[PDB]
Amino acid sequence: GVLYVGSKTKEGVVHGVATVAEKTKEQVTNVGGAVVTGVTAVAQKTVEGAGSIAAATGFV
Amino acid sequence: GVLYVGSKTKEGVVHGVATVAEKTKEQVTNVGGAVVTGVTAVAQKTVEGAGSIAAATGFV
Amino acid sequence: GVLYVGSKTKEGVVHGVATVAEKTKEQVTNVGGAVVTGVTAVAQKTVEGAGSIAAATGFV
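Residues numbered from 1 in each chain as written, not as in the entry; some residues may be left out. Chains lettered and ligands numbered in written order. Heavy atoms only, no water. Residues with missing side-chain atoms left out of burial classes, pairs and counts.

As recorded in the PDB header, cryo-EM is the method behind this entry, and the stated resolution is 3.4 Å.

Chain A goes by Alpha-synuclein in the PDB entry, where it is assigned to Homo sapiens.

Once that is clear, we can look at the overall build of chain A. From N to C terminus, chain A includes zero helices and five strands. Secondary structure elements of chain A, listed N to C terminal, follow the sequence β-β-β-β-β. For chain A, the C-alpha atoms occupy an extent of roughly 65 × 30 × 5 Å along the three principal directions. (Helix = DSSP H or I, 4+ residues; strand = E, 2+ residues; numbered from the N terminus.)

Taken together, three strands build an open sheet; the order of strands is β2(A)-β2(B)-β2(C) and the sheet is parallel. The open sheet terminates on both sides in strands that have one partner only, identified here as β2 (9–15) of chain A together with β2 (9–15) of chain C. Neighbour-to-neighbour, the strand axes of the sheet open up by a mean angle of 0°, direction not taken into account. Judged from the six bridges that link them, strand β2 (residues 9–15) of chain B and β2(C) form a sheet pairing that is parallel. Looking at the pairing, B:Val13 lines up with C:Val13 of β2(C). (Pairing = 2+ DSSP bridges. Axes fitted to C-alpha atoms, helices over the stretch in contact; angles between N-to-C directions.)

Let us look at the packing of aromatic side chains. The final tally for this structure, using the stated rule, is four aromatic pairs over all chains. With a centroid separation of 4.9 Å and 0° between ring planes, the pair formed by B:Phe59 and C:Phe59 is classed as stacked. Taken together, the residues B:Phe59 in the segment after β5 (52–54) and C:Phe59 in the segment after β5 (52–54) connect one chain to another. A network of ring pairs unites the aromatic residues A:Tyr4, B:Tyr4 and C:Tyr4 as a single cluster. (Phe/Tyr/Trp six-rings, centres within 6.5 Å; stacked < 30°, edge-to-face > 60°.)

The next point concerns the interface of chain C and chain B. One frequently used descriptor of interface size is the decrease in accessible area upon assembly of the parts. Contact with chain C, which involves 59 residues of that partner, is made by 59 residues of chain B. Those elements that provide at least two residues to the side of chain C that touches chain B are β1 (2–5), β2, β3 (28–29), β4 (40–43) and β5 of chain C. Considering each element in turn, the side of chain C that touches chain B owes the most residues, seven residues, to β2(C). Note that strand β1 (residues 2–5) of chain B and β1(C) share four bridges and pair parallel. Paired with B:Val5 across the two strands is C:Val5, which belongs to β1(C). (Contact = heavy atoms within 4.5 Å.)

A few words now on the interface of chain A and chain B. Each partner contributes residues to the interface: chain A has 59 residues there, and chain B has 59 residues. Every element with two or more residues in the side of chain A that touches chain B is listed here: β1 (2–5), β2, β3 (28–29), β4 (40–43) and β5 (52–54) of chain A. If you tally residues by element for the side of chain A that touches chain B, the top one is β2(A), at seven residues. Class assignment for the residues of the side of chain A that touches chain B results in 27 nonpolar, 23 polar and nine charged. (Nonpolar A, V, L, I, M, F, W, Y, C, P; charged D, E, K, R; others polar.)

Pasting the structure below:
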């Protein structure tokens, strides 16, 4: 049971993501894996998870 | 039981993410894994988790 | 049982994240894993967790 009358509702809203980058430098050497990412923006209302960032084993 | 009448409701809202970067330098050497990330913005209303950042075993 | 009449409600709201960086330097050497992250902003109303940052075992 739920009712709305003239209601401005906002659920799970994202407003603006500014990620102005510059002259960066990211070097990777002799690793098991590079999992470098960037901008991650998600909008949800009813879920069982989100953005997952997982690595794995390495060896030298 | 829930009722709204002329109500401006805001649930789970994100407003603005400024991440202006510059001349950074991130070098990785002889590791089991690099899990470098960046901007992570999520908006939720009813969930069972969020942004997960996990690594894994290494060896030298 | 819950009722609203002309009420401006704000639940779980994030307003502004300024993370202006500069000329940083992060070097990683001979570790089991680098879990370097950046900006993490979440907005929730009813959940069972948040942003998790976990590492894993290493070896030399």
